[PDB]
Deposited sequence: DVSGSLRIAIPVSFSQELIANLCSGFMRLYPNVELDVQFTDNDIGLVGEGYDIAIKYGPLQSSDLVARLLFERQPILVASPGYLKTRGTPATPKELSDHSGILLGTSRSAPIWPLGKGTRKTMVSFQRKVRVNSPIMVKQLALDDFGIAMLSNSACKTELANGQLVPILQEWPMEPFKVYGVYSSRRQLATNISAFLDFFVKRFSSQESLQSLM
């Protein structure tokens, strides 16, 4: 396992988390050089693109890496001031904190009871760090990973709402070219990535 590995990762991934992962990877494989770009471009000479599902027709070779379960939450202060929405249709009268890029719409798919609803777009940002802080700071309703916020849920700083209409889990994949189907550095990296996001101190985002 050697050579160079150029990897694209959405801006919504935690840079702290990916840093810890790449450190452990390089410790195991000392002869690999890394070029990691946090970017929201739809992938430019990349060996691996990390992507959220669903995969597109251009994604001809891919590996499922992990899944996460989002949940809708707000702070108790927000719910005291604005009320607790009783059904998804009431989200239209509520402030939401949208995780998205410059063409992402303030629409959330809820239920399985399956429906798509809008909300007042108080903030749009492509940073989960900022989404979480703004939710804690009483600004409105946010979709957060149930694993990313277990402490805040346990201590009541975030409150789950509309639990009768759960969201579909999201899946994360690694996409790579069939030209590199035999590449040992790609396989080594994705194996290490899967082990971290499945059994580790890394299940925090």
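Given the full deposited sequence, which segments carry no C-alpha coordinates? The deposited sequence has unmodelled segments at 1, 45 to 48, 118 to 119, 213 to 214.
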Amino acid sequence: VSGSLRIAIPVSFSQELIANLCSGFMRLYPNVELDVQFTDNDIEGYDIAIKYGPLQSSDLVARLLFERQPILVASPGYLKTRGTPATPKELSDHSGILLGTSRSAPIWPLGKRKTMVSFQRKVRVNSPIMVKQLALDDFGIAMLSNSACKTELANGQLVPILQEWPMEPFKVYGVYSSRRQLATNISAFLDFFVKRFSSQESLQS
From here on, numbers count along this sequence of modelled residues.
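Taking the mean of the C-alpha B-factors per stretch from the entry, tell me the winner out of 78 to 86 and 95 to 103. The stretch with the larger average C-alpha B-factor is 78 to 86.
Higher mean Cα B-factor in the deposited model: 138 to 146 or 29 to 37? Between 138 to 146 and 29 to 37, it is 138 to 146.
Determine which member of 175, 172, 161, 167 has the highest CA B-factor, using the values in the deposited entry. In this record, 167 carries the highest C-alpha B-factor of the candidates.
Whose C-alpha has the highest temperature factor in the PDB entry: 61, 64, 55, 49? The listed residue with the largest C-alpha B-factor is 55.
Taking the C-alpha B-factors as the PDB entry records them, is residue 18 in the lowest, middle or highest third of its chain? CA B-factor rank for residue 18: middle third.
Residue 120 by Cα B-factor - lowest, middle or highest third of the modelled chain: Middle third, going by the recorded CA B-factors of the chain.
Residue 197 CA temperature factor, ranked by third within the chain: Within its chain, residue 197 is a highest-third residue by C-alpha B-factor, going by the deposited values.
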